[PDB]
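A closer look at the structure
As a plain string of letters, each chain reads:
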Amino acid sequence: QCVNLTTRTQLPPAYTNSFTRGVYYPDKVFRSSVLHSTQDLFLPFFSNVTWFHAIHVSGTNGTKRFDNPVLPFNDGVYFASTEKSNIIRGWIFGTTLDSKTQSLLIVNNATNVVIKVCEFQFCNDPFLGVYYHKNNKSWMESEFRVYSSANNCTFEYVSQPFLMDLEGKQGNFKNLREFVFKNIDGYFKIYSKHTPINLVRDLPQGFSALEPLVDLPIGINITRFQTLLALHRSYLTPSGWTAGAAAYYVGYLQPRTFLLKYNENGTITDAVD
Amino acid sequence: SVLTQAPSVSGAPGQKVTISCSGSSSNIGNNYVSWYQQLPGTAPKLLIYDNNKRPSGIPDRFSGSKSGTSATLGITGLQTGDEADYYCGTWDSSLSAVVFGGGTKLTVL
Amino acid sequence: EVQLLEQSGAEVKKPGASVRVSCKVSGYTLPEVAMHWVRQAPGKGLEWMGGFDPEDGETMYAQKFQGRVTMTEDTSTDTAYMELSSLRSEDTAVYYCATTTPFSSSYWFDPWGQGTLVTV
């Protein structure tokens, strides 16, 4: 496979301000009506965040802009998206983005989510292709439009889908979805959340606490990555891809001391750097 | 085959004249119509689909209409290279299949 | 968008034979889009053949010619074999590989296969 579409432009990355955001739970010990302060990797408040354009329409007619770059992992990574239609599935996290290192491959054609830590060959323009199988008459997902080779694989796992819809809401939710990715001490851990947002794009003032999903015995350093996509095929109208619009939020983590104020219930609310 | 159009038709260049195909309610009545072009010993090319829609690369000078069981293929701005046979077709539920007419070989005079 | 592979090649089979027709594609995958077939006799018109049905999900077979010609599909290698059997007088002709949308409800045969004559 490795069918590639680059196009051209970057544009100045449209930035934003995470007000109170990215506050994951530091320990696995439940704390109610008590204050605990740790110094750990976080996304510091009111920091410089980068909101991205994935496949993007700036209207004249059409003009879908596929910009999503390979991005360094740096210290740690934060992620946020709305995507009432789901074009986003997983991320390519790795180092060489090639063989010679392992590869963290997450995808989501989801009765369920599925996770892969393997050695792949990722193409120049990787993303998950989706087509129509005409037998069972369903929509399959061609997964090798992302990567050519799958071999040597070190680890595999399956779980209930992290990405989840609700919809029926004609908006007013947008189903804002956040995922934090922190790679330490042999455990690369994933944190998820789902939140309604009525604002047009950017983030509210509310606090979002993400419980750890799975603590994975990984063992690789990931210095760079890119997201994944779900596109499809169309037929004769005046290759074919780019369902809907796609945009998301990315920011890098950083060690900071954040006092965590638990509620009577024990759910963290106020976090101060 | 089961449809109605003449073997050939002729007209002067650069003029405006169309070609029609007479079906039935069992074929053209409830179904969408297509039109095709082939040069001698060549690949028959889709002309217009649903009679109102142009495939990519078709001159806008072509149009179409469906009046009852009759479907006309709009042919305008005749060219010296426009001489070829045009074929009408539409979905058939009678034999539950695809049907065509005998074809009409245009001639640009 | 898409270009296709040829329908057959040149297949010349003397009377007392039968011939498969394997039409491959490029730029798509085989079972995202439905194939179709049309008899074209030189100096003559179109006679539709084979074909897939968007409704009911079956692969159609032209009733007039039903049972004489069959079709199979290999999804990964994009090979769709059209086997016509029991050669007769007027049945040597160009048989076009054609396609309609997998989404269905489309009658138009779309980019097609350049044509292949057969032999009786």
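**Details of the overall build of chain A**
When helices and strands are tallied, chain A shows zero helices and 19 strands. A compact globule built from 273 residues should have a C-alpha radius of gyration of about 19 Å, and chain A, at 19 Å, falls within 12% of that. For chain A, the C-alpha atoms occupy an extent of roughly 60 × 45 × 40 Å along the three principal directions.

**Thoughts on the overall build of chain B**
Along chain B, the regular secondary structure elements total one helix and nine strands. When the helices and strands of chain B are listed from N to C terminus, the series reads β-β-α-β-β-β-β-β-β-β. For 109 residues, the compact-globule formula gives about 13 Å, and the C-alpha radius of gyration of chain B, at 13 Å, lands near that figure. Along the first, second and third principal axes, the C-alpha atoms of chain B reach 40 × 25 × 25 Å. Across chain B, the fraction of contacts at a sequence separation of at least 24, relative to all contacts at a separation of at least 6, is 55%. On chain B, roughly 5,100 Å² of surface is accessible, and the fraction owed to carbon and sulfur atoms is 50%.

**Considering the UniProt feature "disulfide bond" in chain A**
Residues and elements named next belong to chain A. Disulfide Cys2/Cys123 (UniProt): S-S 2.0 Å, present in this structure. Pair noted here: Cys2 is in the segment before strand 1 (14–17) and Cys123 is in the loop between strand 8 (113–122) and strand 9 (128–132), with a separation of 121 residues, a long-range link. Between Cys118 and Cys153, for which a disulfide is recorded in UniProt, an S-S distance of 2.0 Å is seen, short enough (under 2.5 Å) for the bond to be assigned. Of this pair, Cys118 sits in strand 8 while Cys153 sits in strand 11 (residues 147–159); the two residues are 35 residues apart in sequence, bridging distant segments of the chain.

**Digging into the packing of aromatic side chains**
Taken as a whole and judged by the stated rule, the model has 33 aromatic pairs over all chains. With centroids separated by 4.4 Å and ring planes inclined at 70 degrees, the aromatic side chains of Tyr36 of chain B and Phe109 of chain C adopt a geometry described as edge-to-face. With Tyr36 of chain B in strand 3 (residues 33–38) and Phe109 of chain C in the segment after strand 6 (94–100), this pair bridges two chains. As far as burial versus exposure is concerned, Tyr36 of chain B and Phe109 of chain C are alike and both buried. An aromatic cluster is present here, built from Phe52, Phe73, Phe79, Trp91, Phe93, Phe179, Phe181, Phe188, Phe225 and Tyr248 of chain A joined pairwise through their rings. The side chain of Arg201 of chain A reaches across the aromatic face of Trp51 of chain A, ending 4.5 Å from its centre. A cation over an aromatic ring shows up here: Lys64 of chain C above the ring of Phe65 of chain C, its NZ or CZ 5.7 Å from the ring centre.

**Considering the environment of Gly129 of chain A**
All names here are of chain A. Among the secondary structure elements, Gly129 is positioned in strand 9. On the accessibility criterion, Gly129 (1% relative accessible area) is buried. For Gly129 and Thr195, which are 66 residues apart along the polypeptide, the C-alpha to C-alpha distance reads 28 Å. Residue contacts for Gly129: discarding those within four places in its chain leaves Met140, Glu141, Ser142, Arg145, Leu231 and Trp241.

**Some details on the sheet that holds strand 5 (residues 63–67) of chain B**
Residues and elements named next belong to chain B. Sheet architecture is open: three strands sit in the order 2-6-5, paired in antiparallel fashion. The open sheet has two edge strands, strand 2 (19–22) and strand 5, and neither has a second partner. Neighbour-to-neighbour, the strand axes of this sheet turn through a mean angle of 15 degrees, independent of strand direction. Where strand 2 meets strand 6 (residues 70–74), four bridges bridge the pair, whose relative direction is antiparallel.

**A closer look at the pattern of salt bridges**
Think of it this way: side chains of opposite charge can pair up when their charged atoms draw near. Within the structure shown, the criterion is met by 13 salt bridges over all chains. Between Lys28 of chain A and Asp215 of chain A there is a salt bridge, with the nearest N and O atoms lying 3.0 Å from each other. Taken together, the residues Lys28 of chain A in the loop between strand 1 and strand 2 (35–42) and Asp215 of chain A in strand 14 (residues 211–217) connect sequence positions 187 residues apart. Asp215 of chain A sits in the partly exposed class, given a relative accessible area of 35%. Taking the shortest distance from any N to any O, the salt bridge between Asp91 of chain C and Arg88 of chain C comes out at 3.9 Å. You can call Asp91 of chain C buried: its relative accessible area is 4%. Several salt bridges converge on common partners, so that one network encompasses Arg39, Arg68, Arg88, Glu90 and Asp91 of chain C.

**Some thoughts on the interface of chain A and chain C**
Residue-level contacts link 11 residues of chain A with 17 residues of chain C. Where chain A abuts chain C, roughly 1,400 Å² becomes buried across the two surfaces, and 57% of that area is made up of carbon and sulfur atoms. It is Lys134, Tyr235 and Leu236 of chain A in chain A that bury the most area against chain C; as a group they hold 50% of the surface buried on that side. Where chain A packs against chain C, one counts one salt bridge. Between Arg233 of chain A and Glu32 of chain C there is a salt bridge, with the nearest N and O atoms lying 3.3 Å from each other. Our count for the contact surface shared by chain A and chain C stands at four residue pairs in polar contact. Residues that form the side of chain A that touches chain C fall into these classes: five nonpolar, three polar and three charged.

**Some details on the nonpolar core**
Residues and elements named next belong to chain A. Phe79, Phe93, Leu104 and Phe181 are the most contacted members of the largest nonpolar core, which has 47 residues in total. The leading source of residues in this core is strand 8, at six residues. In this structure, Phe181 is in contact with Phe73, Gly76, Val77, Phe79, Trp91, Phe93, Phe188, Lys189, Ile190 and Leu253, ignoring residues within four places of it in sequence. Residues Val23, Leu43, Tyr78 and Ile268 belong to the second largest nonpolar core, which totals 23 residues.

**Thoughts on the interface of chain C and chain B**
Each side of the interface is counted separately: chain C has 15 residues, and chain B has 22 residues. Together chain C and chain B conceal approximately 1,700 Å² of surface at their shared face, both sides included; 70% is due to carbon and sulfur atoms. Of all the secondary structure elements, the ones that give two or more residues to the side of chain C that touches chain B are strand 2 (34–40) and strand 3 (46–49) of chain C. Here the side of chain C that touches chain B gets three residues from one element, more than from any other, and that element is strand 3 of chain C. Split into classes, the residues belonging to the side of chain C that touches chain B amount to nine nonpolar, three polar and three charged.

**Observations regarding the sheet that holds strand 8 of chain A**
Residue and element names in this part refer to chain A. Strand order in the open sheet made by the three strands is 7-8-11, with antiparallel pairing throughout. If you trace the sheet from one side to the other, it starts and ends with strand 7 (103–107) and strand 11, each paired once. Averaged over all pairs of adjacent strands, the angle between strand axes in this sheet comes to 35 degrees, irrespective of strand direction.

Reading guide: rules and limits
Each chain carries its own residue count, beginning from 1 and running in the order its sequence is written; this scheme need not agree with the entry numbering, and residues with no coordinates do not appear. Here the convention is simple: chains get letters from A, ligands get numbers from 1, in the order in which they are written. Side-chain measures here rest on the full set of heavy atoms in the structure, leaving out hydrogens and waters. Residues with missing side-chain atoms are left out of burial classes, side-chain pairs and their counts. Here a strand is any run of E in DSSP of at least two residues, a helix any run of H or I of at least four, and the numbering for each starts at the N terminus. The globule rule is 2.2 Å times the number of residues to the power 0.38, and the radius of gyration it is compared with is taken over C-alpha atoms. Should any heavy atoms of two residues lie within 4.5 Å, those residues are counted as being in contact. Computed by Shrake-Rupley with a 1.4 Å probe, the accessible areas treat only the displayed protein chains as cover when residues are assessed. The disulfide criterion is simple: two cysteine sulfur atoms within 2.5 Å. UniProt positions are given in the numbering used here, feature names are shortened, and annotations may be inferred rather than shown by experiment. Only the six-membered ring of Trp is used, alongside the rings of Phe and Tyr, when aromatic pairs are assigned; centres must lie within 6.5 Å, and planes under 30 degrees apart are stacked while those over 60 apart are edge-to-face, with the rest tilted. Only protein chains enter the calculation, and the probe is 1.4 Å; a residue is then buried if its accessible area is under 20% of its type maximum, exposed if over 50%, and partly exposed in between. In our convention, an over-ring charge means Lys NZ or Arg CZ found within 6 Å of a ring centre and within 35 degrees of that ring's normal. Two strands form a pair only when DSSP identifies at least two bridges running between them. Here, axes are lines fitted to C-alpha atoms. For helices the fit covers the stretch in contact, and angles between N-to-C directions go from 0 to 180 degrees. Here, a salt bridge means any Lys or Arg side-chain nitrogen found within 4 Å of an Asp or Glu carboxyl oxygen. Defined in terms of a 1.4 Å probe, buried area is the accessible area two parts forfeit on being brought together, summed over both. Here a polar contact is taken to be a pair of N or O atoms separated by no more than 3.5 Å, where protein atoms must pair a possible hydrogen donor with a possible acceptor and residues adjacent in sequence count only if both atoms sit in side chains. In the scheme used here, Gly and all other residues not listed as nonpolar or charged are polar, with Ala, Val, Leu, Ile, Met, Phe, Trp, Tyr, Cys and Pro taken as nonpolar and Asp, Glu, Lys and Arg as charged. Residues grouped as a nonpolar core are buried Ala, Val, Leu, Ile, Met, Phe, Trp, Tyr and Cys residues, joined through side-chain atoms within 4.5 Å.

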